[PDB]
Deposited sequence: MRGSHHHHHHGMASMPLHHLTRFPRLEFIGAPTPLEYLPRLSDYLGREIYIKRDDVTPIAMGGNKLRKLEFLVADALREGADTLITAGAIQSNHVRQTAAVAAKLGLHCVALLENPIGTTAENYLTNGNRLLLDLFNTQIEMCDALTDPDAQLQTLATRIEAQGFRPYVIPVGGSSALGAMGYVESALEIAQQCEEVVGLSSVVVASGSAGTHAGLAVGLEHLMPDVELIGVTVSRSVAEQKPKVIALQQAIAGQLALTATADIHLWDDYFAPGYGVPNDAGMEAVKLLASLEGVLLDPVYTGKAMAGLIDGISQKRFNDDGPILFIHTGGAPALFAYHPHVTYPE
């Protein structure tokens, strides 16, 4: 795994993020539950996207870029973290945003992550839909370049093979921190970089552990090709083999990306009330709902300890309140 040091990398996090036992949640579910606190990173309310940006933005600087361009929903955590990093480094930031849920709710449209974008002086470009994100970002990049800037394009969710190296890094922390008998790891699976990064790292570091991605936007059939593709791409770049099966549960995100559901919201309440831990309605709440039902349906490989990867997202709580 030494090839990770060959990639340029900025230091946004520093020390490994905490890995904690959750004794009250464990007592309630009758199962040992641990949490990787990737929500606690120091930049602009934190999250998983920061691990990716350590690599992506290092690349951006290597190319001498002065502008970061990315895309996501109005309430995207990735756009928020990209914009914070841009501000920190004196780079301009252009965000291509969509309204994925057709809401006119004031807090969704203007509060939460979207509010922070304004504080970070993000240039906002609206679009009807992100039907072809890569191509749409490329078009915007040319226009911004025509204005006299030197743009660097960061893909949706920061999920490229390079971005996903942040989660190979996270896997190293996990492996060091777990040295008890961990059986399963649960993570939200969205743009797939987090899932795929963890997949490559955990195959080599903790081969006996089962990694489960809980989809937040797509069926198993649509999502599996995406995760596998990144997995193979990451593996090649690190000069590793990656043969582990990708596991995905798609039962926990209906009626679609960015729409809260009851199981998800109840998971948010459960973690807040038992552990003082804040999840979110779009990602971690749905992923935790998956973990809980996995216990209910005896869906994991065995009865042993489960590690939940907290990827962040809590600023969305304030955007989604009171509804829509």
Taking the deposited sequence from residue 1, the uncovered stretches are 1-16, 196-197, 343-346
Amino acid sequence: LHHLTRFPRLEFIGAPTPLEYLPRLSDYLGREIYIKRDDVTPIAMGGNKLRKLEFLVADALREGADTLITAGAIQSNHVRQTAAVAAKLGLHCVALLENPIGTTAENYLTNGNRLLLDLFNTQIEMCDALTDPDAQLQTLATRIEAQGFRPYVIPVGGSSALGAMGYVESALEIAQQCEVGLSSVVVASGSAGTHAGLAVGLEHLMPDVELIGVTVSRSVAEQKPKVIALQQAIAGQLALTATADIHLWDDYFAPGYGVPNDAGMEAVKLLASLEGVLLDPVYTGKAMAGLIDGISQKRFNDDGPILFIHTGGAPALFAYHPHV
From here on, numbers count along this sequence of modelled residues.
On mean Cα temperature factor in this entry, is 15-23 or 300-308 the higher one? 300-308
Averaging C-alpha B-factors over each stretch, which comes out higher, 291-299 or 37-45? 291-299
Comparing C-alpha B-factors across 78, 114, 195, 204 in this entry, the winner is 204
Most elevated Cα B-factor in the entry, residues 163, 213, 72, 181: 181
Classify residue 109 as lowest, middle or highest third according to the C-alpha B-factor given in the PDB entry, relative to its own chain. lowest
Hey, what third does residue 275 fall into on Cα B-factor, ranked over its chain? lowest
Chain thirds by Cα B factor, record data; residue 267 belongs to the lowest
Using the B-factors in the PDB entry, rank residue 188's C-alpha atom against the chain and give the third, lowest, middle or highest. lowest
Ranked C-alpha temperature factor of residue 282 among modelled chain residues, by third: lowest
